[PDB]
């Protein structure tokens, strides 16, 4: 049973994140052409005109025209239900039929509707045509892409898109039936030939390996089911780097803070282990238990919102997870740079810009568990540190939380699961 | 720039038809 927001929508003072807060959400760009109190043609519970009283995410509180008591109002899902802009039924040759309760209430329906609609606001004619178009994913079934090995995050494995829910892809690895769910805009998936040019560890078939090696510049062997660079959302452009892609910003051995990719509830000191090309770099979480295989190393890009300069947690009052061998109370950066004798990463190397993301503490939303991406659960914004968010799951401990960026592809507006037919995990029983 | 525009809409009922002018964001 998927959790329903209905008993929580009805309550007053229920703060919910607006769709516009989510760049990756469908209908996000046309949500500004939609305002509170617009007249719409809606299914008559045959269509009838109604008014949008409240808008909480995708959920919309609607009231018929002819009902002036807030006791016959009803909640709908805007992008699912048979809602259209006014004048649509006319083109479809369908007559607007008044509800049974008010069918005798007014004398001249002409001057009533005319009065209600004269100078009234409504949706653009091409509104829901832009919704369904925004529902589609850039990826299709059968596409092959390099993505981070969840059993060895130091390398990327060749995988295949075997299931698409909205814009969340299920990637099945090549040598296995094991796999993981992932949003198309997430930075853990990469086009064919990404690890080859970047310099990232790659696990793939022997033929694929030879194929990447045999390739010389812009002419590499590409197959019909290969996902190429045109389908992958980046936080940067190759214009910002030279031809060879050799970066000179970060250097090996630099120390910084970073979100633990394996435990999203923790920001920890991290070490620049290997500097790859085009700003990509392999870092290691310092709290990680020792490993000499380097298989615990993880790839963050230098323009990632999930890496921070040292002291970022102290300044913004965040409980920083100490490195291995250090205790909570007894940890300072000055004392830690004294021990290792390593320079902290420059403040200039980090470029953090806080957008008008409009996220406020208390705003309810639907969030996906990173450590079990099959689940998208009921959540709530706990903290707003600049552009960094701290998302909490309703009905769980504060250690199950996760530090997500405001523009993460793992957060969704309320009613998203109902829109894309995904199962929404609610609070425990 | 996003601005308001006048949209002539039609409404069908038994047994006639009429038109009203509304606003839409574009």
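The table for this structure:
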read-out: Rg/Rg_ref, the protein assembly as shown, where Rg_ref = 2.2 N^0.38 Å and atoms are Cα; value: 1.17
read-out: All Cα pairs of the stretch A:14-54, percent lying beyond 12 Å; value: 68
read-out: Antiparallel %, DSSP beta bridges [both residues in the protein assembly as shown], to 5; value: 85
read-out: Calculated over the stretch A:1-79: convex hull of Cα atoms, volume per residue (Å³); value: 127
read-out: For A:411-424, mean number of other protein chain Cβ atoms within 10 Å; value: 0
read-out: Peptide B:3-12 - average C-beta neighbours from other chains (10 Å radius); value: 5
read-out: Relative exposure of A:388, A:53, A:123, judged by other C-beta atoms within 10 Å (fewest first); value: A:53, A:388, A:123
read-out: Stokes-Einstein D in µm²/s, Kirkwood radius over Cα pairs - the stretch A:240-354 at 20 °C with 1.002 mPa s viscosity; value: 147
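None of the figures in this text is laboratory data; all of them are computed from the coordinates on show. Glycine also receives a Cβ, built like all others from the backbone with ideal geometry; neighbour counts cover every protein chain displayed.
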